[PDB]
Structure formats: C-alpha cells, structure tokens
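Novice: I would like to see how this sequence folds:
(10 chains, ligands or ions: 5)
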Amino acid sequence: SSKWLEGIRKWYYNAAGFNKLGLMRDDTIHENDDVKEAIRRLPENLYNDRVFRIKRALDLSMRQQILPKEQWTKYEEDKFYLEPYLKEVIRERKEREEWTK
Amino acid sequence: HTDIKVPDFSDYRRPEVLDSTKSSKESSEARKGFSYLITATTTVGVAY
Amino acid sequence: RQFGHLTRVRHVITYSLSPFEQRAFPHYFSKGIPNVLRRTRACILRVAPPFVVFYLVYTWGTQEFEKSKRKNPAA
Amino acid sequence: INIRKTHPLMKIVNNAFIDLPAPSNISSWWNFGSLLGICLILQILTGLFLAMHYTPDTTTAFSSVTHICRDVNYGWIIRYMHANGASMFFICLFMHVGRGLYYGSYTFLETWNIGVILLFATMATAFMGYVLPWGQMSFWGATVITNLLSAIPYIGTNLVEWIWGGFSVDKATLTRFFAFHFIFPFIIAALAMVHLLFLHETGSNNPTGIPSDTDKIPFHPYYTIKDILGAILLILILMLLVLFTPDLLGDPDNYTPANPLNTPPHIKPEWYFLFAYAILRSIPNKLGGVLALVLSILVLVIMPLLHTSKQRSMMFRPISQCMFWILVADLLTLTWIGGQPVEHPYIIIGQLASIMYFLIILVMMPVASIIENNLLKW
Amino acid sequence: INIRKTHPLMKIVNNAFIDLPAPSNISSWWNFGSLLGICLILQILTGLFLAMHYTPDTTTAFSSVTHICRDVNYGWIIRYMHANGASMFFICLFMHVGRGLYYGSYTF
Amino acid sequence: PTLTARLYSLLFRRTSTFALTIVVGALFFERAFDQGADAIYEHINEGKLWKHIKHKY
Amino acid sequence: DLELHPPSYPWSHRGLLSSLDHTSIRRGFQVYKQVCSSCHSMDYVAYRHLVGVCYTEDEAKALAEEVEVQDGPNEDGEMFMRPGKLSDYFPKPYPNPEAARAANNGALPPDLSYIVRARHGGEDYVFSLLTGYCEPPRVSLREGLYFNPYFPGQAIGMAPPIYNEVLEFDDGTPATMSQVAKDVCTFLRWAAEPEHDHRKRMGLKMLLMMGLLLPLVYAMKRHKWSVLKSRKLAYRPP
Amino acid sequence: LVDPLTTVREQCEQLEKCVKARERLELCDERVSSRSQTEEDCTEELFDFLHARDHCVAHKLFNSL
Amino acid sequence: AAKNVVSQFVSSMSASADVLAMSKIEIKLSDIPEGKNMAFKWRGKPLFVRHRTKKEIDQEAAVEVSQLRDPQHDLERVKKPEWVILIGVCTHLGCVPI
Amino acid sequence: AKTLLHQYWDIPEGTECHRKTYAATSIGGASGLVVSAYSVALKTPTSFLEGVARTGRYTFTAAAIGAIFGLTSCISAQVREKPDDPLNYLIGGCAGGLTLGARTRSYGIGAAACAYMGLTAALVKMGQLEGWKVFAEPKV
Ligand code: HEC
Ligand code: HEM
Ligand code: HEM
Ligand code: HEM
Ligand code: FES
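Specialist: Residues are numbered from 1 along each chain as shown, chains lettered A, B, ... in the order given. Ligands and ions are numbered 1, 2, ... in the order given. What follows is the structure:
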C-alpha cells in the first residue's frame, strides 16, 4: 500500500538523476505558453533561486560534473511551489474552453 | 560588494604563472608562443 | 531571437580566467578516467541489457538455421 | 559600425554563424548536423566529378564505371569516396534522428515535418544512385521495389509501367534515374536551409531539456572548432573506408553487369534499406506491406502527438530510456534480419521485430510517460 | 493575428512579394525581371525533360537528339522550347540590362 | 621556454610573417614527409616492390 | 543446398600495409597467358597496365604484338588485322555469349575482371575451388558437371585445368600445383584491384597525418574550451 | 614438379577428428550402399570434415611456397 | 492550358514508339532436357518454355484445387499437357524464380 | 534440486545457449527460497510486508547472480571456442561476484566475492571435467 509506495517513489527519485545535479521538481518542467506563464507569475526571490539552480545545473552538465554527496538534494525536502500556480493555470484554461464552448 | 573575492584557480594553472610573487613577463611570451606554435602546426597540417 | 532580450537575471557573478594561463589538459589522467568510469556505471544498467538479448537472438538464429538445414534420416 | 552588422549578406552570416545563441552544455551528439552538411557537400562534389566521367547507356554504363576505376588517375578514390560517403551520410543521419528523438527535440513540430521530408528525399536519392551503376543487385532491386510501388490499385499500376518507360527497365529508366539522382540533392540542400531557418527561429535544445535562456554562448569560436574536430574525425573514418576497407560495405552482387536472366539468390540491398525491407516481407501482403512501410515512417511523423510526459528529456525518464534502447536494438535486429535469406526462424523473428517495433513506439512510450508522470505526484 | 506576419517563411514572402513597396511609376520596360525568372525555371523544366531522355555518348549523341525529336512523344516541342526559350531568355536579358542602364539604375 | 619565447618574438608577433612562415614550413615538411613516407613504405616491404626488382632485371 | 565456407589463408597482401609480390604477378600473367586464356575473358585490362606491375616497356610490346586484333576501316574498309602496340584489350576468345555458351555444354565462363572481389568470398574462394577437386558421394552430375565442393551446387561445367599441362614458368619456377594456383590467384587479385599498392601508400600517409594533426586540433579545441570548463559561478543576492 | 598440397593434406589431418568423421563418412557410405535410391547422400559429413581439414590446411601451408 | 501542359508532359514521360512495338515470336520446343526450363527473351521479359515430365504432369495432378491461394486447375492454365509455356517473370515483384 | 542441476549439466558447454541462463536463474530461485525461508523464520520481520521485501531482495540478488553468470558463461565459451578450460568460468565467477557486490552496493564485498566465487567456480568446472564424485562413493 502506502508504506511501500514511498519506497518505490524514493527509489525512482534516486534513479531519476536530477537529485544529483542539485535540481528539484520545478526545474525540469517542459513548457508551453502555460508553464511559462506559471514561471511569469512567480515571486522574485524564488525566481532568482530557480535561475541560479538552472545555471549551476547547466554548468555541471557542461563539464559533466555530478555534485558530491554533500549537495545531492534529498527526497522530501523540496518544495512543490508551482502546484497552486500550475493548478490555477489548468483551471483557467479549462474555464476558457468549457465556457466558450 | 567589498567581500567579492575570487575563488582560486591554483589547481588549474601552469606552474610558470602559479607563483604568487614572480613577475608575469617571462612566463607570458613563452606561454603565448606555445599556444601559437600549436596553432601554426595545425595550420601546416591543414595546408598540406 | 537574437542576443540580449533573453531573460532577467540578478544576483549572479561569473568568474573565469584567461585561456592562456590555465593549462591545456588539467589532470587528464587523474580525473578523466574515474570520471568516465562514473559515466559508464551510470548508464550500462539502462543500455547494456537489451544488447545481450540481441546477441542471444543472433546466436539462436544462426544455430536454429543450421539445425533446420541438417536433416539426418536413417535407412 | 561594422560591415559585419550592416551588409545584407553579412547580416545573414552574422546572425546565423556568429551571433547565434547556443545551449552551452552540448554533448558530442550535435556535431552531426555539421557532419551531415559536410557529408552532403562532399557527396555533391564527388558526384560532380563522377558525372564528369559518366555515360548513361544500358550497355556501356558498367564498362564506363570500370573505365573510371582504371583509366582515370584517382578515379577509384572518387568512386569509393562517393559510395562510402553515402554510407557515412546515412550513419550520421540516423545518429541525428536518434538524438532528435531522444532529447525531446521532437517538440518542434515544423522542423520535424521538414526533417521527415528530407528523410524521404535522401532515401530516394540514395536508392536511385544505387540503381545507377547497372550492377546485378541494382537491376533486381530496382525491379522489386518498383513493383512494390505498383502495389497501389487503379492509380499506381500503369503509373509504375509509366515510370518504367514501358514494361521493364530500359535506357529511358536509366536516364530518368540519372536525372533524378542528379537533381534531387539540390532540392535536399534547399530544404536543409529551410530546416536550419526554423531551428534558428526556435533555438536549439540542451541535453537537459531546461530552457537555457541564462546560459547562451556564441557560436564562434566554440562550436566552430568543435565541429571542425568532428569533421576531422569524420574525414579520418572516410579515409579509413576508402584506403583500407572498401570491402567492409561493398556488395559482390553489384560488381557484375546486369545480365537480366540469372537472378542471384543473394538479393538484399545495402544496409540502410535492409531494416525497411525486413518490415516488408515479414507480412504476407503486398499492398499491406508497402502500406506498413510507409506507415512506419509516418509513425516517425506522428511521434509528437504521442508525447505526454511533463518533462521533455529522456535523461530523466529511466524506464522510457530503457524502452528507447530496446527500440534501438529492435531496429538493429530488423537490419540484420533483412540482411539474411528466408527460412523458418527468420520469418518468425521478423514478424516479432516488426510488431514489437510498433508496440514499443505507439504503446510503450506514452504508457511509460504516463506512469512516471503519475509517480512524481503530478 | 495572422500567419503571414508571424510565420518565418511568410515573413520572407511578405517582405519579398506582398508588402514590398513598389514604385507606382514603372512601365513595361520593368517587366523583364519576372520574365527572366519565369524563362529561367522554364528552361530548367524543359532541360530536365531533355535530361531524362539523353545519352551523352559522342558516337550516339546525334542519334540520341534524333530519337528525342522523333520517337519520344512531344520530344520535338520540348527540345524546341528549350532552344528557343534560351533565345528569348537572352532577349529578356538584354532588355533587362538596357533597362538598368538607360533608366539609370546602375547607381547601385 | 626561451626557444618558445624567441620564436614567438620573431615569427608570431606579426601576421603576414606568420602566414609566410607556415607556408615555408608547409613546403619543407611536405618534402620531408614525402621522403619519410617513401622510406617507411619501402622498409615495410623491402622484397616485394617493383622498382628494385625491375632494375634487377 | 549445403553451404561451404573457404578458410582464410595467410596471403602476402593480407596485411594492412602489405604490398603484392610483383614477381608472382609477372608469372601469374604468364599463367593467364598460357592455359587459362581459352575460355575466360579479362577484357578490361589493357597491356599498358602491365608496365609498372609485371613487365617493362619492351616486353609488353612483344607480348601485345603477339596477337592480331582486326582493326576497323581502311581503303577497303572491311577486314584487316593489326599488331597493335599497347592500346588493345585482351582479344575476347568467344565473340558472343551465345557462341560462348554453345562452345561448352552450356554455362559460359564469366569474365575475370572482378572475380576476386565479387564472389562473396575473396581469393581464398578462388584458390580453394581451383585446387580442391574430389570424387562424388552419390550425386547425379548430368553429363557436363564435375564435383568440386567450393561452388554453390557443387556442379561445375569447367574441366579441371590446374595440373593438366603445367606451363613452364620462364623465370625459373618449378611448376607444382599449389604454387601455380597461388600465382594465378594473386594475378587475379591484381586484375581486380589495379590500385592496391598505391591505396595502401596513401593509407600510410593518411595514418601518419592523423597521428600528427589530430592531437593538435584536439589540443586547440580543449584550449579554447578551457574557459568554459573552468568558469565558476557564485550567487549574490542582497 | 611434385606439389606440396599432397604432402600437407596427408600430413596435417593424419589421425584426428577429421579421420573420425572420415569413418563416419564410411558409415553413411555403407548406409547408402545398403539402400536403393536414398535421400541422405552422405555428403554432409564430407563437407564438414573437409571444412575442418582445410582449416588445418589454412594454418600450415604457406611456408612451402 | 494547364491541364493540356500536364497531359502532354506526362505523355512525354510515357515511353518511346518502338518500346510499345512488341513482336510475335516462334519458339522451338524440344531442344530442352527433361524436367528443365529454358528462357527466351521477348517483350523485354524472359519467356519460360519448360519441359515438365510425365511425372510432373502427375505432380500437376497432385495439386489441390482450393489449397492454391489462387485456385486454378491445370487445364485452365496449360494447353498441351507435357510442354508448358509461360511468362518468365513472377508476377508479385518482378523476380524470376529458379 | 537434482533435477535442475542435472538440467544445467545436461547441456554441452558448448553452444546451446540461454538454456544455461534459465537454468542458472532456477538455481538462483532455489537459493533465494532457502535463504529467504531461514531469514524470515529467524527474524520476526514486523511486519509481513517488509518480510516480502526481504525475500524479494534475496531472491532477486540470487537470480541476478545466476542470470549474469549464465550469460557470461555462454558468451565466454562462444568467444574463446575452447569448451574445456576452467578459465572462462573463472572470469564468470569474478563477474558474478562483482555484480553481487554492486547490487549490495559496495567495493570490498564485490572484490572478495570476485576472487572467491571465481576460484570456486573454477573448482566446480575443474572437478566436473576431470571427474570428482558427487557427494559420496559410498562404497569402499
Ligand atoms: C575452358 C575450358 C576453361 C579453362 C581453360 C579454364 N576455365 Fe574456368 N571455367 C570455365 C567454365 C566454362 C566455367 C563455368 C562453369 C560453371 O559455371 O560452373 C568456369 C568456371 C570458373 C570459375 C567460376 C567460379 C564461380 O563462378 O564462382 C572460376 C573462378 C574459374 N573458372 C577460373 C579459372 C581459372 C583461374 C582458370 C586457369 C587455371 C580456368 N578457370 C581455366 C572454363 C574454363
Ligand atoms: C537532411 C539531413 C539533415 C540535415 C543536413 C540536418 C541539419 C541539421 C542541422 C545543421 C542542425 C543544427 C545542428 C544541431 O542541432 O545538431 C539540425 C538540428 C536538428 N535537426 Fe536536422 N538535419 C537533417 C535531418 C533531420 C531530420 C530527419 C530530423 C527529424 C525530423 C531533424 C531534426 C532536427 C532537430 C530536431 C534538430 C534540433 C536538435 C537540437 O537543437 O537539439 N533533422 N539539423
Ligand atoms: C547531385 C550530386 C550527385 C551526383 C552528380 C551523383 C552522381 C552519381 C553517379 C554518377 C553515380 C554512379 C557512380 C558509381 O556509383 O560508381 C552515383 C552513385 C551513387 N550515388 Fe550519387 N551523385 C550525387 C549525389 C549523391 C548523394 C547526395 C548520395 C547520397 C548520399 C548519393 C548516393 C550514391 C550512391 C549510393 C551511389 C552508388 C555508389 C556505388 O555503388 O558505387 N549520390 N552518383
Ligand atoms: C538546369 C536545367 C537545364 C538542363 C537540365 C539542360 C539540359 C540540356 C540538354 C540535355 C541539352 C541538350 C539538348 C539539346 O541540345 O537540344 C541542352 C541544350 C541547351 N541548353 Fe540546356 N539545360 C538546362 C538549362 C538551360 C538554361 C538555363 C539555358 C540557358 C538559357 C540552356 C541553354 C541551352 C542551349 C542554348 C542549348 C542548345 C540547344 C541546342 O543546341 O540544341 N539550358 N540543355
Ligand atoms: S514471390 Fe515475391 S516476387 Fe516472386
């Protein structure tokens, strides 16, 4: 059940890879206009932290240099901060479609 | 902005510049000559 | 998309050194070979196990081809 | 200020090959664009010299190519370079397609359509030039694949006897094939520049899939020297296959004059059609077979609508990555199977290979992207 | 808004063929540019059909041209279009140059 | 290092002198590479050529 | 049928920088001259291509002024022969494939241009088929077929020519069986590839130029890319 | 004017699994001999030991030339 | 005008006059060994004249009707029972069978 | 059991491949069942789902050893073409030991397992080849 689902999720989060490049959930999202709108609706300091994480990750994949043990981003200390933003983007796009049709 | 220090590159350099007291003059032209002699030898191969 | 209207970035400092003063190949036998060993160990569990399946298929195909070629009655 | 920023052609060269922003963590899998460009222009120049020694006649063609190999200084190196350059051309082409499907670069719809158009065009050019030297394999493969084109009813049958110039292969068919093998690569180069134009509109794609808008570096002199090095490794492998092993990719059934009566039991084309031809004859249906082949490359067209992850790479979808490598092994299986005769286990695993091919593409990849979309609290 | 102003190809077609500001002055002497272009692609087409029916062997080149003009269907109209379309091609070339000189457009 | 420094100070300060120098080096190394390639290829066979046996006929 | 694979033999040109034995090519041309030039054709080799491989200028002029060619027109125009200096091909022993096929019990011999390169197996195949004749274990051999296993179907319409009338190597080589077979197979290797020595010479020059040039280009690429390998980022907010 | 082929083909395979398959060939030969118009022509054994004996010909011939 | 130009160009790409000029042939039958096919070129294609044995007349009698996926009787296909004469090309993809 | 080890030693070694790998995975399933049975019998896993996880871990490791060992056995025997040497199984035992160490995610366990599993697999083939009697005479 749920006590084993967390084990599967932590195995997948170890084997995903972006925990080793110092990244998080909201660092790998593929974009349309909607996700870039969600990026646009962010606070300033969170957006600064996101662009610095992105630029470090691109540098360390430029010389192909995985971070040491000290800064592998642990599972369940990461923020799912884009969940309200992206969720309201979902609701607004579905509101547009289902109201105009 | 006063505490902006450069993280060191002592692991990366050449030993001719790696010293912290030497004048960087004689270590300069030999270094440039080494890299430009590399480029010239490549140009010899490409021209052939 | 030309160069200069890309994004808005604060809070970043980039340091870099001249290409002349740092050497050509910094520790190319003391970092690169453990680095490519880590690269290889991070990929062959996701790349290698299909190709041994193909090698088994190749051996099986040639073997069964020759066995269906050879007949052996007795009279 | 500078003529490099004011002159109208130099606007194009400056905003194309100098002042282009680039993703900065490029691996050794983006040199293949420049390698395909250099393979293309080297094919054009070597074909141009070959056309400066060729006589398209159904009796003197093979003798004339022999005349090129013997009585011309270095004409053997130019003939061998055109053939092995076609080989390296398709090698670098499948590398380019494999990258452009792997790293999620197929989220660029317009470039993808223009690319698949180029894929058809390069296959057509290579097929017609493969017909041209009037060898035995050329003659019989021409007969087989043109009747495969004659599979389509009521519009295609007399269309194929029409492109034959009769009911056979003749001088008209030879000169049609020489005209099209000449004039297709220039349309290919124009579409290559259109491909390039749309990509320069959208920007490239880093191997992480993150939009790299804070990490752009200029094209010169970084990717210039990296592509020159990649081109020099390419020239090394091309001179390897034209100075040490011509026989590693040649065909023994090509070096005889097309005596139209023998039909040697060796019938396979060269490798870059062998995976396609294996999908053909693992189905006992002629029109169904050619429709299945065209629909396989149309599956390569209708890739992007299948994409239903939320991250665009395949560095970060490991089970999807494994299924991709199974797809690669299955393509190589198709290649080797098409490179064989036909008996019982060959037919069995050929049917296996085609149906598992469509099963991995059309089914396994969106199901994998959905399950590891669902397993990230998304 | 529109495809024509947001698509990278129709930007070029819009800036070459549609939103090109033309001077409202030019007479029929300026028609020879588009006529040279159409003659050029027509020469490409007729020559390409000639190339589908031609054998460049010098002993059989004359006979090959003969078989084009006789037994290939409409080979005579394709060959005659190619030759005299080259002739009208140079006529429109000379009117193009004479335009570009006499009307002083050679300041460029 | 001094031999690199003096070679830089003589030939690699200019650019036309650089191009003329690599032209001279290219022709020189062209001829020397021809000599060395002839010698090494004739050394790797030594008994199978056409030249020395055709003037030993 | 039962498929047979010829084993690889240590030929002189098997090595990756190896030449041919030009002396063996001279006597192999002599072997082709004596006995094999009755049925097989090798029309794409002129006598002038022998000048730097197996003969001199003058000896080739004698060899090519042996045979008449039947030159074309003259004052009468129809029929007259010609000695010919060098620009004659090998003069086509069977003038038509119909006349070739009726000369034997069918099964005309193919031409010998590309036999070594175009038979799914190199000179090992040709040597094995030429030397390996043996007796049938209960097959048919319908009146014109001989048994020699290195051949698809094992049925050959060629009389075994290898030791019948050994042909007196004029350089002074004792005509055994395998030595004359090795000679004519090396000569057919040469006739298939008239560029092999020169292509391995250019392979030598290319390998040395790529031992030279490639570390230079790689070094310069690493030099200009050494800035981005060692650039280092740091994060200043307030 | 005596060939070396005879010498090496006699000397190489002298007592060997080649000769084992030669006796196997004699066994299928007398199997054919005790049968009217057989299918199994006893040729399969001929090919595979001559394949083996010509491998050992391939290893040890070219010194004699 | 456009459909006339398209029509005349496709008919220009059709064939030659003498390529459409086929011919009638006469073949001699009994030059052929037993159980064996001989091919004579005609209308571009090979032309099969095969001596089928009386054993092969019996093997044609040993052919099931509907198990032929193109189910046809032998007398529906041949005229004389012991000599067979057909088009020398397999009609699937232009191969010539052995 | 006797049946599956007899299946494993039935096939010539030799090239009759991947039956060897499946028989070695059956060896792995049996070994994992033994170890998992004693381990859940002598732990009180608390609770049963974690016991299922432990059993799955042991059976997966033993089956992976069997699979990798059978693959490298067959491949090495096909490449070296000498079906009588024990050195191919020496390489096989070292490969199985390294993969055991990697699934246990260590270095020293992998290297010592390489050494001991290689030498014992060499002893297995060496005794099966020269002929050492299985578990008894029992005669005198
Ligand atoms: C006329 C008789 C000769 C002579 C003097 C030689 N050959 Fe042979 N040969 C001849 C025929 C009619 C055929 C065809 C038979 C068949 O189709 O089975 C052949 C065949 C060959 C081959 C064929 C192998 C293949 O087709 O793959 C070869 C390589 C060959 N002949 C070589 C050869 C050599 C080297 C000869 C000189 C010693 C030679 N033949 C003599 C007819 C004749
Ligand atoms: C005619 C042969 C082709 C040529 C000459 C060609 C040329 C190029 C070039 C020069 C680039 C830019 C360099 C690079 O990104 O590595 C490129 C990128 C690309 N091409 Fe092609 N291409 C060809 C075929 C294709 C095909 C068949 C496709 C698939 C539809 C394709 C899809 C792409 C994509 C998606 C990119 C962007 C890759 C990225 O930015 O990561 N190309 N091509
Ligand atoms: C427009 C430029 C080209 C010209 C003029 C040209 C001309 C020729 C000619 C005359 C031949 C016959 C020579 C021979 O094969 O011995 C030939 C063969 C061939 N061409 Fe091209 N070609 C061109 C471009 C290409 C391209 C772009 C490709 C694809 C990469 C290609 C693929 C081939 C192949 C595969 C052969 C057969 C090679 C062989 O078997 O030797 N050609 N071409
Ligand atoms: C690229 C497309 C073209 C091809 C493939 C092509 C091909 C040919 C061929 C095969 C011929 C010989 C047939 C003949 O002489 O009647 C020919 C003749 C000729 N072509 Fe072209 N051509 C092309 C474009 C042009 C162009 C643009 C011109 C210049 C306007 C031109 C001028 C001529 C002329 C003057 C002749 C001589 C006609 C004659 O003497 O019979 N061609 N062309
Ligand atoms: S069956 Fe496909 S062509 Fe004869």
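
Novice: Residue D:354 in helix, strand or coil?
Specialist: Classification of residue D:354 using DSSP: H, G, I helix; E, B strand; the rest coil returns helix.

Novice: State whether it and residue D:293 are indeed in contact, as I suppose.
Specialist: No. Counting by C-beta atoms under 8 Å, residue D:293 is not a contact partner of residue D:354; they are 9.8 Å apart. Just so you know, the C-beta spots here come from the backbone N, C-alpha and C atoms, and that holds for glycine as well.

Novice: of these two, who's got more company?
Specialist: residue D:354 (23 against 18; other C-beta atoms under 10 Å in any protein chain shown).

Novice: for the more buried one, what are its contacts?
Specialist: Applying C-beta atoms under 8 Å, 6 or more residues apart in numbering or on different chains, we find residue D:354 in contact with D:278, D:279, D:282, D:283, D:292, D:334.

Novice: Just give me the closest of the residues you listed to chain J.
Specialist: Nearest to chain J out of these is residue D:334 (C-beta to the nearest C-beta; 20.9 Å).

Novice: nearest residue to that closest one other than its sequence neighbours?
Specialist: Once flanking residues are discounted, residue D:334 sits nearest to residue D:275: 4.0 Å by C-beta to C-beta, 6 or more residues apart in numbering or on different chains.

Novice: and the one you found, how many residues sit next to it?
Specialist: 22.

Novice: One more: residue F:40?
Specialist: With other C-beta under 10 Å as criterion, residue F:40 counts 13.

Novice: for it, phi and psi?
Specialist: phi -70, psi -40 (degrees, to the nearest 10).

Novice: give me the number of residues near the residue nearest to it when sequence neighbours are not counted?
Specialist: Nearest residue to residue F:40, sequence neighbours excluded (C-beta to C-beta, 6+ apart): residue G:204, at 6.9 Å. Residue G:204 has 18 neighbouring residues, counting by other C-beta under 10 Å.

Novice: buried set for the helix or strand hosting residue G:204?
Specialist: Element membership for residue G:204, per DSSP states H and E: helix G:196-224. Of all the residues in helix G:196-224, those buried under the rule 16 or more other C-beta atoms under 10 Å in any protein chain shown are G:197, G:199-207, G:209-210, G:212-214, G:216-223.

Novice: where do the helices sit along chain A?
Specialist: A:2-16, A:33-40, A:44-60, A:82-100 (DSSP state H).

Novice: which residue is nearest the centroid of the chain?
Specialist: Picked chain A for this. In chain A, the residue lying closest to the centroid (C-alpha atoms, centre = their mean) is residue A:26, at 1.5 Å.

Novice: let's do chain I instead
Specialist: Closest-to-mean residue, chain I, C-alpha atoms, centre = their mean: residue I:87 / 0.8 Å.

Novice: Just give the nearest non-adjacent residue to that residue, would you?
Specialist: Leaving out its chain neighbours, the residue that sits closest to residue I:87 by C-beta to C-beta, 6+ apart is residue I:45, at 6.3 Å.

Novice: Quickly list what the one you found is bridged to.
Specialist: For residue I:45, the beta-bridge partners are residue I:42 (DSSP bridges).

Novice: Contacts only, for it.
Specialist: With contacts defined as C-beta under 8 Å, 6+ apart, residue I:45 is in contact with D:167, D:168, I:87, I:88, I:89.

Novice: repeat for residue C:61
Specialist: D:345, D:346, D:349.

Novice: Just the closest of those to ligand 1, please.
Specialist: Using C-beta to the nearest ligand atom, residue D:346 comes nearest to ligand 1 of these, at 25.0 Å.

Novice: how far away is the most centrally placed residue in chain G from residue G:45?
Specialist: Closest to where the C-alpha atoms of chain G average out (C-alpha atoms, centre = their mean) is residue G:189, at 2.4 Å. Distance, residue G:189 to residue G:45, using C-beta to C-beta, to the nearest Å: 13 Å.

Novice: go on, residue D:265?
Specialist: 29 Å.

Novice: More neighbours: which of those two?
Specialist: Taking neighbours as other C-beta under 10 Å, residue D:265 and residue G:45 compare with residue G:45 leading, 19 against 9.

Novice: What is the neighbour count of the residue nearest to that one when sequence neighbours are not counted?
Specialist: Leaving aside its sequence neighbours, residue G:45 sits nearest to residue G:191 (C-beta to C-beta, 6+ apart; 5.5 Å). For residue G:191, the number of neighbouring residues by other C-beta under 10 Å comes to 24.

Novice: repeat for residue J:75
Specialist: The burial count for residue J:75: 19, using other C-beta under 10 Å.

Novice: Nearest residue to it in space, please, no chain neighbours.
Specialist: Nearest non-adjacent residue to residue J:75 (C-beta to C-beta, 6+ apart): residue C:55, at 7.2 Å.

Novice: could you point out which element follows the lengthiest helix in chain I?
Specialist: In chain I, taking DSSP H as the definition, the longest helix is helix I:2-12. Note on helix I:2-12: by DSSP H and E, the next helix or strand toward the C-terminus is helix I:17-20.

Novice: quick one: common contacting residues for residue D:354 and residue D:293?
Specialist: With C-beta under 8 Å, 6+ apart as the test, residue D:354 and residue D:293 both reach residue D:279.

Novice: nearest spatial neighbour of residue G:161, skipping sequence neighbours?
Specialist: residue G:35 (5.8 Å).

Novice: Next, find the distance separating the one you found from residue G:71.
Specialist: For residue G:35 relative to residue G:71 (C-beta to C-beta), the value is 28 Å.

Novice: Kindly report the same for residue D:86.
Specialist: 42 Å.

Novice: The two: who's more crowded?
Specialist: Using other C-beta under 10 Å as the criterion, residue D:86 and residue G:71 rank with residue D:86 on top: 22 against 13.

Novice: what's the helix or strand containing that one packed up against?
Specialist: Assigned by DSSP H and E, residue D:86 belongs to helix D:75-102. Judged by 3 or more C-beta pairs under 8 Å, 6 or more residues apart in numbering or on different chains; DSSP states H and E, helix D:75-102 is in contact with helix D:31-51, helix D:61-71, helix D:109-131, helix D:222-243, helix D:318-338, helix G:196-224.

Novice: what about the last one, distance to the chain center?
Specialist: The gap between where helix G:196-224 is centred and where its chain is centred comes out at 30 Å by C-alpha atoms, centre = their mean, to the nearest Å.

Novice: Run through who's touching whichever helix or strand comes after it.
Specialist: Sequence-wise, the next helix or strand downstream of helix G:196-224 (DSSP H and E) is helix G:226-230. With contact meaning C-beta under 8 Å, 6+ apart, helix G:226-230 is reached by A:62-63, B:9, B:12, C:16-19, C:22-24, C:26, D:24, D:217, D:222.
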